[PDB]
Every structure is written in C-alpha cells, then in structure tokens.
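A short worksheet on the structure shown next.
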Amino acid sequence: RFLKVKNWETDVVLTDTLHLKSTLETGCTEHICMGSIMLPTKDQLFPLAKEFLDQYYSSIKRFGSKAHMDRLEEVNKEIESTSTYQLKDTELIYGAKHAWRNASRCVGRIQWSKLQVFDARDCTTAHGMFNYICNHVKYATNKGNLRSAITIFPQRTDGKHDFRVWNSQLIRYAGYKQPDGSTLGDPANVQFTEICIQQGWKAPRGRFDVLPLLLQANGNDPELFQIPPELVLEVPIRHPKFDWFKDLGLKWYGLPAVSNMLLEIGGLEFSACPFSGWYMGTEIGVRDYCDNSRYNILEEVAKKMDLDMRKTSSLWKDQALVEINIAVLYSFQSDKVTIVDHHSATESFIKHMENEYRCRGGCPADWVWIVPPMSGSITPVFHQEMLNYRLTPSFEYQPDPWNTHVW
Amino acid sequence: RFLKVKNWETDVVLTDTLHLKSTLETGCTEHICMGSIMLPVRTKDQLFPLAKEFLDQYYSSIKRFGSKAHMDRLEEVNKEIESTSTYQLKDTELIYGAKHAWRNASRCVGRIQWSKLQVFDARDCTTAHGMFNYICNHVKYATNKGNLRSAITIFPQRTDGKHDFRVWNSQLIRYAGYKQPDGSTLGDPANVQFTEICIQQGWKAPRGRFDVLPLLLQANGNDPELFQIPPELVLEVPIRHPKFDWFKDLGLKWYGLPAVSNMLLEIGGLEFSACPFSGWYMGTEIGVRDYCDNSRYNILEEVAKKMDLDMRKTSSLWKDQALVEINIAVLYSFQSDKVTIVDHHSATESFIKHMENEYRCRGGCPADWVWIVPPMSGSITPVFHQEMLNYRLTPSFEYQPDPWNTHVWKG
Ligand code: HEM
Ligand code: HEM
Ligand SMILES: Cc1cc(N)nc(COC[C@H]2C[C@H](OCc3cc(C)cc(N)n3)CN2)c1
Ligand SMILES: Cc1cc(N)nc(COC[C@H]2C[C@H](OCc3cc(C)cc(N)n3)CN2)c1
Ligand SMILES: C[C@H](O)[C@H](O)[C@H]1CNc2nc(N)[nH]c(=O)c2N1
Ligand SMILES: C[C@H](O)[C@H](O)[C@H]1CNc2nc(N)[nH]c(=O)c2N1
Ligand SMILES: [Zn+2]
C-alpha cells in the first residue's frame, strides 16, 4: 500500500503514496502484466466533479472552506438541472496543467506548470477552430523559441456534437501509396492523406508535404484548411561533419502538437484539445527517420557512410543511427529552434520525479515510454524503477473519428 | 479467455491462451503496474498439487497423459510426499523441468535455444569440494574451447531449509572489485561486497582490475568454502577494435562464459537453491552494461577522450558515439578469438521468430519487454515494436536473497 521505487544506479529509494489516489484501471492483473501493450450520466458525473473540485480547492489551500462547499453546491445544482456543468477558467487551467502532470508516458513533465492554456470553449464552427489553431501554432512556435500550449474546444455534450481535429498532430507530412508498391512521404499518414484527398485536398505528391487541417465543429462533417505555410517552421537536416548529409533532402517540422487525444477534467470530456511542447531529438532522428514503417532511412545513410553492411555485427545500423541523431540536434540548434537531447531530457525527468516524490508523494511513470529508443541504459531513467498508474485529470487515447463519424 | 498482442511495425496480431496456466503473482494490480520494478520450508499441504500439476505437464509433453505410467507415478510421488514429506524427481523429469524453467524465463531473450541445454545432475553431491568438482566440469564442458554450449548443474534440493546447497557467487566467473580508501573502486564495482567476503574468508586478493573471483561454496547448510577455478578453465577475450589501434591499450578484457549461479530453480514444488546455468553472451551485456554503466567499469569518458569527440555538451552524442565503438570492439574481439557471442540485432530477430513459434505450438510466450529490449538502439531492434505479455509459468528460475544475509554461521 505504501510502495518503494529504487534507482539501481544510485541506490536512492523513493516511497510512493500518490498511487492510492489512482482512479482508473491499468490493464494489468495479479496474473498478467500488460505494461508493454500500447492500448490496454448524471449519476456518474457528480462523483467525478467532486473528486476534481476537492483536489482543486486543496491545491489552493481552501479545502473545507465555504467557497469550496459553495462551488460543490453550485455544480451539483447545475448537473441536476443541465446534466453537465461548466468549469471556471481557473479550474480549466488547473485541470489542463494536471492532465500533463499526470501523463505517465511524458518524459517532459518538469515543464508541466508552464503551460499556456487557450480557452476556445466559445468556438462554434470549423473556421473558428482553424483561427484558434493558427493562433496556437504561432504562439507556441514563437519564431523558434518554443512555448508549451493547449487550445481547448467545447466539451462533449450528447456525443453527437463532438469537436474533433481529425489530424493526429497539427503538423505532419503526407503519405502516398505508389504504383511501384513503395510509399512516398510518411507511411504513418497514408490513410489520413487519402481521407484528405477524398474530402477535396489537392496534394502536391512530394516527400514532405505539410498536411491540411481537417476540422470538425459540433459534430458536423469536417472541413479542410491549409495552415499558412509561413506559420509552419521547418528545419533542413544537415550534419556538422558530413557534407553529403544535406543531399539526402531531409527536413522536419519544429512543433510537435498532438491533436487526436481526449482531455478529461472532473468528468468532463474535451475531445478536441490540441497541445504542443518541443521535441526530444530521438523522436525525429530515431523514430521518425529510422523506424522501418516510417521514413526508414538507415540503409541510404549507412551507404553514404560506406559502412560494412554485410553483417549485422559490424553494428552499421547503430553507427548510422547515432550520426542521424547528431544531425537532427545540430540542425535545430543551428537554426535556433528549441530541441532537447535524450541525455538532457531524462536527467531533467529524474529531477522532476524527485520533486514530485517530495512534493506530491509520487509520480506516475511508464518506463516503456520514458526510456529513449536509443542508448537506453546510458540515460538515468533506465536504472530508475517507476510505478505506473492512472490519475485524473488525464489525456486519453480516442478512436480516429472517421471510424465513428456519421456523415 | 484469449489475449491479443500486436506488433506495431508489421501489424502481426498473436493470440495468447497460455496465460490461463499462470498462477504465481506479477506484482501488478488493476490499479498499479509494477512492470519496471526489479523485484515486484514448504508443507505437504501445498506440495502434492504442485507435484501433480508438474507431472501432468510432463506426462502431456510425452503424449502419455492418463497412462498407467502417468497414474502410477502420481501415486508413487503422493506416497513419497506423505511418508517422507518431499519427493525425488526421475532424471527425465529433472531434465524436462530445467529446460522448461528456461523456456518460461520471461526476461531471457535467448530462449530460441531452450531445448538444447545440457543438464548435469549433481544431486548425489554432498560437500563443497564435491560442488567445486561439478562446477569445474560444467565450466570446461560449457566453454568447449570457445564453442559455447548451454548447461545447467543441479545440486540437491532444499529439505528443511537448514541444509541448503548454495553457490555464494552471483556468477561462476566474475571479476573482483575493491573499494579504495580514497573512495574510488579498482575492478568491478558490482562485486565489492562479495569480494570483501572472499577476502574475509581467507582469499589472497591480487588486487588488479580483472581478478577472477574464487568460488565460495556451501554444501548441506555448512559454512561455505573457497576454491580457485583453475585459470586454464577460465576463457577470456582481450578487447581490441577493428579500426582503432589504441583500443587495446585501454587494457580491457572479459570472460567468455556467462554463468548465473545465485538463482533458485523450482520444479514441481521442489526448490533447487544451487543450480548454476550458463549460455553465451549477447554483445551488449558486456559493451553496454558491464563496461558503460556508471556503477560498473564506466569507460565511456576514457573512450570518448581517446576518440577526441566533443565532450563539452551532451548534445554532441559523444556518449552514444563512444558506446557504439565499444560494442563493435566487443563483438570483433569475441568473433576474432572464435568465442561464441551474438549481437543484439541477431538475438532479437531470433527471439521474435521464437516467440511467434511459441504462440503457434504452445499458445503463448511470456515475455518481459523491459528486459528483452536491448540497452542500446532499442527501437532499431524488432522487439521494441512487439507487444508482450508477462506472466509467471512453472517450472521457473527465481531470485533468492544473497546467502550472507540469511546464513547461520557454525564457525
Ligand atoms: C515541453 C516539451 C516536451 C517534451 C520534450 C515532451 C516529451 C515527450 C516524449 C518523448 C513522449 C513520448 C511520445 C512518443 O514517443 O511519441 C511524450 C509523450 C506524451 N506527452 Fe510530452 N513532451 C513535452 C511536452 C508535452 C505537453 C505540453 C503535453 C500536454 C500538454 C504533453 C503530454 C504527453 C502525452 C499525453 C504523451 C503520450 C502521448 C501518447 O500516448 O502517444 N507533452 N512527450
Ligand atoms: C544461450 C545464450 C543466451 C543468451 C544470449 C541469453 C541472453 C540473456 C540476456 C541478454 C538476459 C538479460 C540479462 C541481463 O541483462 O542481465 C538474460 C536473462 C535470463 N536468462 Fe538468458 N540467455 C542465454 C541463455 C540462458 C540459459 C542457458 C538460461 C537458463 C538455463 C537462461 C535464463 C535466464 C534467466 C533466468 C534470466 C533472468 C536473469 C535475471 O533476472 O537476473 N539464459 N539471458
Ligand atoms: C506534446 C508532445 C511533445 C513531444 N515532444 N512529443 C510528442 C509526441 O507524442 C505524439 C503521440 C503520437 C504518437 O501516437 C502513438 C499512439 C498510438 C496509439 C494507438 C495510442 C497512443 N496513446 N499513442 C506517439 N505519441 C508530444
Ligand atoms: C544464462 C545467461 C546467459 C546470458 N547471455 N546472459 C545472462 C545474464 O543474466 C545475468 C543476471 C545477473 C544480473 O542480475 C541482476 C538481478 C538483480 C536482482 C535484484 C534480481 C534479478 N532477477 N536480477 C542480471 N541478470 C544469463
Ligand atoms: C509495443 C511497445 O509498447 C511499443 O512499441 C512502444 C514501446 N515504447 C514506446 N516509447 C515511446 N516513447 N513511444 C512509442 O511509440 C513506443 N512504442
Ligand atoms: C529499474 C529497471 O527495471 C531496471 O533498470 C532493469 C531495466 N531493464 C533491464 N533489462 C536487462 N536486460 N537487464 C537489466 O538489468 C535491466 N534492468
Ligand atoms: Zn503490469
């Protein structure tokens, strides 16, 4: 019930008590651990509202005060009457910051309290959503000096009037299936690219085409918009040693901005809540570039380096991997676009864990996601035991809306 | 109940039914996942069900389930338990049991090899000197002049828990570590405490950076005794790099035979507290963890210095760069001396084929992702992208506490 986590590199032991507030379920049982599985009414709503308002009022040292009680009373009256309620601005901001704070898969949470929250609950149309999103993108990008932000569209009502951003991120590259069987551009987005084409998009059919936004207001059929090219900051990828690297013609965008997730605050559901931070280098240079089902560039790079590609034991893949990641970091740094490397990010997260243990009694963390996809054991997170559990407010996966939308 | 796992690179979906036969606990609940926690005297009472389950599995493996031979063996074990409180495995059941403990070991990426295991039955052993002889024979056999063969040696099972056989070493071959008065460590920091026990017990320490530890061996619950493995039986590989000629001058070497000697083998409810087993190395065990962990030999700085990488900012990835070079060197050195070793690409690829085969023929393959994924280049190996289900099957290998914490000294 009071659980210990040990760092095996430093012997530091931390005691977790926060897990006892865990509300949602993990997918694991005493018989089976699902740690590596990617996805494991009025009556319902009032406990959720209360649980949230209690933690909110406690956070501002006003637990058990009239202002606390009064707000419980008010929301209670409002649910009874309307079957939902509206968060105060102060609650919305707190809820959103805490959804990031509770995100067990996020290595970047030392930053959780510096989050700019844009309240878009007055939005009514896809054009309005487009406006709010462009403003988000420009604010967060800040000419390369990136700032964390989330834009929150109106909450779910009857569930037939959902706001959704159909894109998985605000900024991603198209993927095209070709005659010759191969894939041009990002194969992860092939399907979404086709949904764009079939909804009208005129695609340039290149390797790095910024996708248009496909926005759904109020349960209506979604609409297409091109983000002003001028608001999409990109980095050409070169290497500080290898002159030929630039010839590969690689680039990536500066703003990572997840747009397909659902924010839950005090029982309320915000199905459109695009949020953004900045990149850790490996996301681009290890996953985006080197996954076999992504840009899959290792072969071409290793070839340019003239490595012995005959045998897996020459570690040519590993060699090329490092260099590609050196180039990503170098290019963002040279163009002055905020980026963090995995050494620096994981060291920060260990510091954050210690802060959260001291100040909050724990920190939910998902080791499988927190350890970088390269050089795992040479980052301190590898040696750090983590307890994973679900706290609310939260971000949650939600199914892609084309599998749901009634047209 | 059926459970599905998905590979996110290939979209291949597998269906696990094997998990229905698990009963030992995971550490996890519906409310907490303990998947990255390193660690999340039996009565007749509990023993006959454990024996019966085991013999049912053994008898099925041989297509003799429900046979007269199956039934007679159940009746024979049952009587033996009730009259002696324990029982003895037949040789065939010992072999099968040891093989399955390996097969069931969810942290082991090498399991494609599970059915090729040489089992040495040391249950007639009575003294520490006898244990020393068995262990030397196991080292020589497994080593096979560099052409490594997997093996396990199985000493007598636990009886009352006061008569335990234990190998006090964590591995049969490992290097000494010495804490110096100035706070630095000479040799392997992981073995400082065990090294100090060896010295205390009378070992004359050479005090260098790679001194092979003496064996410290407990038979029949007696005080453990020290033995030096004959050096001619300890195969070692000097580490050099195919391109960097100063790499040899770091003075690195490692032993070829990875042989775990501190775990507990459970078969049919019986407990074999000394059961050293050995395979061959995956390169990263040495090049990543042994050499480059901060709490081990910690050579990243010296290697990167010699490489003259930019060391003033982590974002040069000097650590990553030096890490790959060291690992190339380890694989090169082993291959050049004709000592079996596997790289992490080859090992993980084989593990995926093993795991798929297991799903088809066996209905599952319990696997601990946290351990299976190699400690460098994680996502360029196929296991990173493979969903896994972790659960506990018996027969099994289990952690047990270090014996110096529990041993009752005689003097
Ligand atoms: C400030 C810079 C940030 C860095 C460096 C960072 C780092 C990361 C990394 C490396 C991942 C793993 C995701 C992957 O591999 O695809 C991650 C996941 C996640 N992050 Fe953060 N993050 C940052 C900002 C944020 C912000 C501002 C939020 C919310 C407001 C957030 C919420 C999450 C969530 C919900 C996940 C899991 C996404 C999923 O399940 O696919 N991140 N982040
Ligand atoms: C044949 C060559 C083998 C290779 C390349 C192999 C590879 C590995 C690796 C990389 C690990 C993770 C251990 C670590 O990082 O410290 C491991 C763990 C394990 N292996 Fe295998 N293995 C092999 C043979 C065997 C054999 C023969 C057995 C037993 C008969 C075995 C049983 C285990 C067990 C019980 C663990 C967990 C260790 C622990 O929890 O500390 N392995 N092995
Ligand atoms: C906010 C933020 C900052 C930063 N530096 N990086 C990120 C990356 O998160 C992107 C999101 C999109 C992919 O989604 C994978 C995924 C798939 C599925 C089926 C479920 C799930 N939870 N996650 C991986 N994580 C997000
Ligand atoms: C048989 C074999 C072959 C091969 N190539 N590699 C191995 C490696 O297993 C070595 C063993 C020793 C360390 O054990 C650490 C450890 C500590 C604790 C507290 C528990 C636990 N299960 N394991 C890591 N695994 C074993
Ligand atoms: C199957 C496994 O859970 C899956 O590949 C995970 C592993 N760890 C990950 N870690 C991060 N940060 N991002 C990912 O997409 C994944 N994928
Ligand atoms: C705390 C964490 O679980 C611990 O560092 C584990 C992680 N994964 C591992 N994986 C392997 N193969 N070996 C290890 O020692 C570890 N250590
Ligand atoms: Zn679990």
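Starting from 1 in every chain, residues are counted up; chains themselves are A, B, ... following the order of the structure tokens, and ligands are numbered from 1 as listed.
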Would you write out, as CSV, a table of all residues in chain A that have an atom no more than 7 Å from an atom of ligand 7, listing for each the closest atom pair and the distance in Å to one decimal, considering only C-alpha atoms and all ligand atoms and ordering rows by chain and rising residue number?
```
residue,atom,partner,partner_atom_place_in_ligand_line,distance
A:28,CA,ligand 7,1 (Zn),4.7
A:32,CA,ligand 7,1 (Zn),6.8
A:33,CA,ligand 7,1 (Zn),3.5
A:34,CA,ligand 7,1 (Zn),4.9
A:35,CA,ligand 7,1 (Zn),4.5
```
If we count only C-alpha atoms, what is near segment 285-296 of chain B at a cut-off of 8 Å, once residues fewer than 6 positions away on the same chain are taken out, given as a PyMOL selection string?
(chain A and resi 9+377-378) or (chain B and resi 188-190+254+323+326-327+330+375-376)
Would you write out those residues with N, CA, C and O atoms, as a compact mmCIF listing (two decimals), in the first residue's frame?
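In the end it all went to part-v1.txt:
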```txt
# COMPACT_ATOMS: atom_id res chain seq x y z
N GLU A 9 21.19 2.53 -10.13
CA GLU A 9 22.45 3.21 -10.38
C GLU A 9 22.88 4.01 -9.13
O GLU A 9 24.06 4.03 -8.80
N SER A 377 20.33 2.41 -21.62
CA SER A 377 20.93 2.24 -20.30
C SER A 377 21.95 3.31 -19.95
O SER A 377 22.44 3.33 -18.82
N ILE A 378 22.32 4.14 -20.91
CA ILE A 378 23.26 5.21 -20.60
C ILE A 378 22.51 6.50 -20.21
O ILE A 378 23.14 7.53 -19.94
N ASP B 188 35.65 -4.42 -10.67
CA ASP B 188 34.20 -4.30 -10.92
C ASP B 188 33.42 -3.84 -9.68
O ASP B 188 33.28 -4.62 -8.74
N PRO B 189 32.87 -2.61 -9.68
CA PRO B 189 32.13 -2.12 -8.51
C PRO B 189 30.97 -3.00 -8.08
O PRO B 189 30.63 -3.00 -6.90
N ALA B 190 30.40 -3.78 -9.00
CA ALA B 190 29.23 -4.62 -8.70
C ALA B 190 29.57 -5.71 -7.70
O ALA B 190 28.67 -6.24 -7.07
N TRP B 254 37.33 -9.46 -21.16
CA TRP B 254 36.18 -10.04 -20.44
C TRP B 254 36.17 -11.56 -20.50
O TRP B 254 36.84 -12.13 -21.34
N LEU B 323 29.78 4.63 -27.15
CA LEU B 323 29.07 3.39 -26.84
C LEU B 323 29.06 2.41 -28.03
O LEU B 323 29.25 1.20 -27.84
N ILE B 326 32.56 0.83 -28.68
CA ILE B 326 32.94 -0.13 -27.65
C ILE B 326 32.26 -1.47 -27.93
O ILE B 326 32.86 -2.54 -27.78
N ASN B 327 31.00 -1.40 -28.33
CA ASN B 327 30.26 -2.59 -28.68
C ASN B 327 30.72 -3.30 -29.96
O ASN B 327 30.58 -4.51 -30.10
N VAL B 330 33.74 -5.23 -28.78
CA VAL B 330 33.45 -6.45 -28.02
C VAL B 330 33.11 -7.58 -29.00
O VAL B 330 33.62 -8.71 -28.86
N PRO B 375 19.78 -2.62 -24.30
CA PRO B 375 20.02 -1.35 -23.61
C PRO B 375 20.72 -0.32 -24.47
O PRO B 375 21.02 0.76 -23.99
N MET B 376 20.97 -0.64 -25.74
CA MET B 376 21.25 0.38 -26.76
C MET B 376 20.36 0.13 -28.00
O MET B 376 19.86 -1.00 -28.20
```
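The residues sitting within 7 Å of ligand 4, with only C-alpha atoms and all ligand atoms considered, come out as residues 38, 39, 258, 259, 260, 277, 278, 279, 280, 281, 282 and 399 of chain B.
Environment of ligand 6, defined as every protein or nucleic acid residue with an atom within 6 Å of it and counting only C-alpha atoms and all ligand atoms, comprises residues 382, 383, 384 and 385 of chain A; 36, 37, 38, 370, 371 and 372 of chain B.
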Using only C-alpha atoms, find the residues of chain B whose closest atom to chain A is at most 7 Å away, then write them as a VMD selection string.
chain B and resid 9 22 to 23 25 to 37 293 295 314 to 317 320 to 321 324 328 331 343 345 to 346 369 to 370 375 to 380 387 to 391
Hey, can you spit out that residue selection with C-alpha atoms as a short mmCIF file (atom, residue, chain, number, x, y, z; two decimals), in the first residue's frame?
```cif
data_model
loop_
_atom_site.label_atom_id
_atom_site.label_comp_id
_atom_site.auth_asym_id
_atom_site.auth_seq_id
_atom_site.Cartn_x
_atom_site.Cartn_y
_atom_site.Cartn_z
CA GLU B 9 5.91 -2.47 -37.19
CA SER B 22 -0.21 -18.96 -14.91
CA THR B 23 -0.81 -18.79 -11.08
CA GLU B 25 1.70 -13.36 -8.95
CA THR B 26 3.12 -10.50 -11.11
CA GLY B 27 3.26 -7.62 -8.63
CA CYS B 28 0.68 -5.73 -10.70
CA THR B 29 -2.96 -4.99 -9.86
CA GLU B 30 -5.86 -3.36 -11.75
CA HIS B 31 -4.56 -0.13 -10.11
CA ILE B 32 -0.79 -0.31 -10.38
CA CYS B 33 1.66 -1.70 -12.93
CA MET B 34 4.91 -2.85 -11.41
CA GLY B 35 6.40 -3.87 -14.73
CA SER B 36 9.70 -1.92 -14.16
CA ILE B 37 10.21 -2.95 -10.51
CA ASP B 293 27.01 1.58 -16.75
CA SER B 295 28.11 1.90 -11.48
CA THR B 314 25.76 16.03 -24.19
CA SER B 315 24.00 17.04 -27.42
CA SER B 316 27.14 16.08 -29.38
CA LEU B 317 26.05 12.49 -28.52
CA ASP B 320 26.24 7.39 -27.87
CA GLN B 321 29.13 7.54 -30.29
CA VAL B 324 28.71 2.03 -30.39
CA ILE B 328 31.81 -3.08 -32.12
CA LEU B 331 31.83 -8.33 -30.93
CA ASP B 343 24.81 -9.29 -31.49
CA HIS B 345 20.14 -7.46 -33.89
CA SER B 346 20.58 -11.13 -34.48
CA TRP B 369 9.64 -6.13 -22.54
CA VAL B 370 11.59 -4.07 -20.01
CA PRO B 375 20.02 -1.35 -23.61
CA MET B 376 21.25 0.38 -26.76
CA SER B 377 19.47 1.01 -30.12
CA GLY B 378 16.24 -0.16 -28.64
CA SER B 379 13.84 0.81 -31.43
CA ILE B 380 16.06 -0.41 -34.34
CA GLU B 387 3.71 -6.06 -27.57
CA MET B 388 4.44 -8.74 -24.91
CA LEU B 389 2.51 -10.33 -22.07
CA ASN B 390 4.34 -11.03 -18.94
CA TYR B 391 3.22 -13.77 -16.63
#
```
Residues up to 7 Å from ligand 1, counting only C-alpha atoms and all ligand atoms: could you list those as a ChimeraX atom specification?
/A:97,100,103,105-109,111-112,115,148-150,275-280,283,340,345,369-370,395,397
So, with only C-alpha atoms as the atoms that count, which of B:383, B:216, B:267, B:352 lies closest to residue 403 of chain B?
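Selected residue with least distance to residue 403 of chain B: B:216.
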Show me which residues line ligand 2, defined as having an atom within 9 Å of a ligand atom where only C-alpha atoms and all ligand atoms count, and present them as number ranges by chain.
B: 38, 98-114, 116-118, 148-152, 258-260, 263-265, 276-285, 289, 341-344, 347, 371-375, 396-399
Enumerate as a list in words all residues of segment 168-218 of chain B assigned to strand (DSSP E) by DSSP on the backbone, naming them with the chain letters and numbers the document uses.
residues 177, 178, 179, 185, 186, 187, 215, 216, 217 and 218 of chain B
Could you please take those selected residues and save C-alpha atoms as a CSV table (one decimal), in the first residue's frame?
```
chain,number,residue,atom,x,y,z
B,177,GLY,CA,36.0,-5.1,-7.0
B,178,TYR,CA,37.9,-3.3,-4.3
B,179,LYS,CA,36.8,0.0,-2.6
B,185,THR,CA,36.9,1.4,-7.0
B,186,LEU,CA,39.5,-0.9,-8.5
B,187,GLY,CA,37.9,-3.6,-10.7
B,215,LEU,CA,34.2,-19.8,-5.8
B,216,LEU,CA,32.6,-19.7,-2.4
B,217,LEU,CA,30.6,-22.9,-2.0
B,218,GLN,CA,28.1,-24.0,0.7
```
Write out as a VMD selection string which residues come within 7 Å of residue 394 of chain A when counting only C-alpha atoms, dropping same-chain ones fewer than 4 positions away.
chain A and resid 99 102 to 103 263 to 264
For those residues, write N, CA and C atoms to a file as a short mmCIF file (atom, residue, chain, number, x, y, z; two decimals), in the first residue's frame.
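Once written, again.cif looks like this:
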```cif
data_model
loop_
_atom_site.label_atom_id
_atom_site.label_comp_id
_atom_site.auth_asym_id
_atom_site.auth_seq_id
_atom_site.Cartn_x
_atom_site.Cartn_y
_atom_site.Cartn_z
N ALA A 99 -3.56 17.43 -16.23
CA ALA A 99 -3.62 16.34 -17.20
C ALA A 99 -2.19 16.06 -17.73
N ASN A 102 -0.11 14.46 -14.94
CA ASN A 102 -0.42 13.03 -14.78
C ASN A 102 -0.08 12.12 -15.97
N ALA A 103 0.49 12.69 -17.03
CA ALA A 103 0.70 11.93 -18.24
C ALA A 103 1.91 10.96 -18.09
N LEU A 263 -9.05 15.12 -23.47
CA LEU A 263 -8.73 15.66 -22.16
C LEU A 263 -9.95 15.49 -21.24
N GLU A 264 -9.76 14.79 -20.12
CA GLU A 264 -10.81 14.62 -19.13
C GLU A 264 -10.50 15.45 -17.89
#
```
Counting only C-alpha atoms and all ligand atoms, the option among B:79, B:158, B:385, B:19 closest to ligand 3:
B:385
List every residue of segment 228-383 of chain A that DSSP, applied to the backbone, labels as helix (DSSP H, G or I), and write the result as number ranges by chain.
A: 229-231, 243-248, 281-290, 298-304, 312-314, 316-334, 342-360, 367-370, 376-378, 380-383
Separation of atom CA of residue 213 of chain A and atom CA of residue 167 of chain A, in Å?
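Separation of atom CA of residue 213 of chain A and atom CA of residue 167 of chain A: 6.4 Å.
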Counting only C-alpha atoms, which of B:70, B:311, B:360, B:367 gets nearest to residue 17 of chain B?
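Looking only at the distances to residue 17 of chain B, the closest residue turns out to be B:360.
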Atom CA of residue 235 of chain A and atom CA of residue 332 of chain A, how far apart in Å?
6.3 Å
Separation of atom CA of residue 361 of chain B from atom CA of residue 7 of chain B in Å:
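For atom CA of residue 7 of chain B relative to atom CA of residue 361 of chain B, the distance reads 18.9 Å.
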